[PDB]
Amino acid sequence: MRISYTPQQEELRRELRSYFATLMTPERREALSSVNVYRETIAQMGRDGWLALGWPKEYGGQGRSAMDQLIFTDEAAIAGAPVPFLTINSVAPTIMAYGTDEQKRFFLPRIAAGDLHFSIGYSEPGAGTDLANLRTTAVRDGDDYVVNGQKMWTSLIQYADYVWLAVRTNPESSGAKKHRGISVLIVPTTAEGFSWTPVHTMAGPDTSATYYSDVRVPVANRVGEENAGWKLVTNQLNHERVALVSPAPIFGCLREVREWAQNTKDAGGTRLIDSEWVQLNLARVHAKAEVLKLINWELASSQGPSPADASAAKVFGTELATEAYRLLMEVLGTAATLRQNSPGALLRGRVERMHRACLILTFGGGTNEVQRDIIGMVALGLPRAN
């Protein structure tokens, strides 16, 4: 039984803290957080070996544990580093587990080096939470699939060399939706008939709509078997590590607000932190964020972990963020709503920035109502509600 980092894990933390501090300078952040740098940044992390940290040695990785990966996620979150997690934690291990030999040799080392970029093409206007409703189609024509449809929220598309595209094969058959008979195709962004249009959000990140007009791709670009892609795109057999919601931004905001309240006076001349109300706000943040830290440690040390605990962590953590950033904003008072780069912003507007950025996570990554349905069924034996 051990509820703390091992010495080796501590050394990894120190190593990453320093590494990311040299990588994510103010200049590099300025550039990434405005309308070159993104591709250089990723290629640097690739050359340094961090993109394949968690991959098996057989595929060029360092073979490190889920705990080391968790550390890496946390330190990236601390630094604001734009690690392409879905590419390295989902696309690449899916290729490892279900890909052809030619897919493995072409994609894996170019992903590890950080020279090749993917966007995830799952969601559509009619298929958000209900991904099984996707209608983008792929029809066999000789040694090609012919692809027609559109995706929504296709993030990082302006840097992408390929889309990892969820498609409905055999649209002709009208197979029942409940069978989830979709396939995964790798589609180059150079393909004729492919286009995209930007999408902006209040939450902060930009994303896109992508469009596929008679796009031809080789059958050799299909990953896994025709109509057997559902398992690939939902991690149904646990070929991927559990996606975690890092508590590092919550703890960082707490730390910075706490330090600021220790060094700032109220009207009476008292330190702000010497108010009982402030202490209660910060305490609540601490005591709740501890749960997110601990559940993620358990999940990572468990690597299967129960789908109920994975769901619990995701609900708990994404709800917590909305609460925690509120409590912290109350403490910041008249500064709370000043955005990053406003005159008068405190703590670089980090708390204000996070209270909007965390909005995407409650409905993203499987919306919290569905996550709670999973917890009820899996952990508590409850029957289906719909």
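One-based numbering along the sequence shown.
**Study point:** Absent coordinates between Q303 and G304 - deposited residues affected, binned into four classes
**Key:** According to the record, 4 to 9 deposited residues lack coordinates from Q303 to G304.
Select between 120 to 128 and 217 to 225 the stretch whose C-alpha atoms have the higher average B-factor in the entry. That would be 217 to 225.
Residue stretch of maximal mean CA temperature factor, 22 to 30 vs 331 to 339: According to the entry, 22 to 30 carries the higher average C-alpha B-factor.
Checklist entry - According to the deposited entry, which of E102, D74, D309, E290 has the largest Cα B-factor? => result That would be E102.
- Message: Just to confirm, going by the entry's C-alpha B-factors, which of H286, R255, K151, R140 comes out highest?
- Response: Among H286, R255, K151, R140, the highest C-alpha B-factor in the entry belongs to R140.
* Looking at the C-alpha B-factor of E369, is it in the lowest, middle or highest third of its chain? -> According to the entry, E369 has a C-alpha B-factor in the chain's lowest third.
Quiz item: Against its chain's modelled residues, does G349's Cα B factor rank lowest, middle or highest third?
Solution: Bottom third by C-alpha B-factor.
Assigned third (lowest, middle, highest) for the C-alpha B factor of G61
Its C-alpha B-factor belongs to the highest third of this chain's values.
Requested in this report: Check where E298 lands among this chain's C-alpha B-factors and tell me if it's the lowest, middle or highest third.
Outcome: Its C-alpha B-factor, which the entry lists for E298, ranks in the lowest third among residues of this chain.
Is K177 in the lowest, middle or highest third of its chain when residues are ranked by C-alpha B-factor? Middle third.
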